[PDB]
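Single chain ahead, written as structure tokens, the form deposited in one PDB entry.
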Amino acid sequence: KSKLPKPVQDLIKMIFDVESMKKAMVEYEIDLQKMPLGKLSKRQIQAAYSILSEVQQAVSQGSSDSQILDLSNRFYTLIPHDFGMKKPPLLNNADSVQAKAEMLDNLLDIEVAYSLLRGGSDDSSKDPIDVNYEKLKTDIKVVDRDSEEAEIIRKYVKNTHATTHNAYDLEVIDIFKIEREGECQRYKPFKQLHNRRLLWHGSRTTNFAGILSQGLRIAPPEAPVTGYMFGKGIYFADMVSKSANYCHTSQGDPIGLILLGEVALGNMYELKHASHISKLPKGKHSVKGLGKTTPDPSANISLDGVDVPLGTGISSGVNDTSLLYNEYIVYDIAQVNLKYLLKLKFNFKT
């Protein structure tokens, strides 16, 4: 039987939950009969990215009907939905394709996830959990509650979480220290890069099997460009409140997972509005999206050189921005070093 700590075994089940994969899909109105998990293929998701990009181009071009209705029918044919005696929604605007594009993203993490699960050895010698664990390629340990680390992380979570978006309260059930296999010699060269910060990265529970196995990736060129604030990259927040919004928890499933990663930001390109960048100005290595709020800078604490902005949220310098909180973006995968994984319970104020 498994020699892992219980909280670790419990985390493994959480991330390899098949039911959660199905619920996440039906919740998207995906027809499970025609498109079951087993029929999920990346090649089919890439094609849908491409059709969605083809709809944005037609939308922005202002095509004469028939063209939008056909491209819309093409997408719904490739990605089987079930809306009953009602035709799917016409993808004729930016809001509409962005929603579909974000859908494909998670659908892909589910496909990646299911591929990992339904793959490997079929023996019965080792207990599944130990097998599933090995599939992640990440060393996972429990962070003691009465540990300075845990205290740091708890303060960061509590401080950067306030009462103006307090439609819920956050309680840390488990903190895990993470080290993905190899994710060391890849980040190290960037470790000689100042402006290293400990930042948040929230994501739905069904996307962790993928993020751990392969780390945080960047969207492919075929993906639609609509919705992105600062181009295709890895998005981080310095306030748990902003990130917590991507865990997609509810009263039914009140438990999510949040990542704390060290990011070698370097000199940041500071912006206040959505820009088409991805290509940095010479001498800059990251983008900072200036939010109206930011943790009180006076309460920053750098660890090992790593900056930890756990200050309580204050009004920032400028609110003439389009963002409510700070956003940090990197366009190189080796600039991130995932350090912690948090399991959190959300208590809704309703």
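By rigid core we mean the largest C-alpha set that fits within 1.5 Å across both forms. Residue indices: 1-based, along the sequence shown.
A second form of this protein, the form deposited in another entry, is not displayed here; the remarks below concern that form.
Undergrad: Quick one: with the rigid core lined up, which of 151, 95, 270, 144 moves its CA 2 Å or more between this form and the one not shown?
TA: Flagged residue: 95.
Undergrad: Inspect the rigid-core superposition and answer whether the C-alpha of residue 213 shifts by 2 angstroms or more between this form and the one not shown.
TA: No, residue 213 moves less than 2 Å.
Undergrad: Indicate whether residue 76 shows a C-alpha shift of 2 Å or more between this form and the one not shown, with the rigid core used for the fit.
TA: Yes; residue 76 is a residue whose C-alpha shifts (by 2 Å or more) between this form and the one not shown when the cores are overlaid.
Undergrad: Take the rigid core as the frame of reference and indicate whether the C-alpha of residue 27 shifts by 2 Å or more between this form and the one not shown.
TA: No: residue 27 shifts by under 2 Å between this form and the one not shown.
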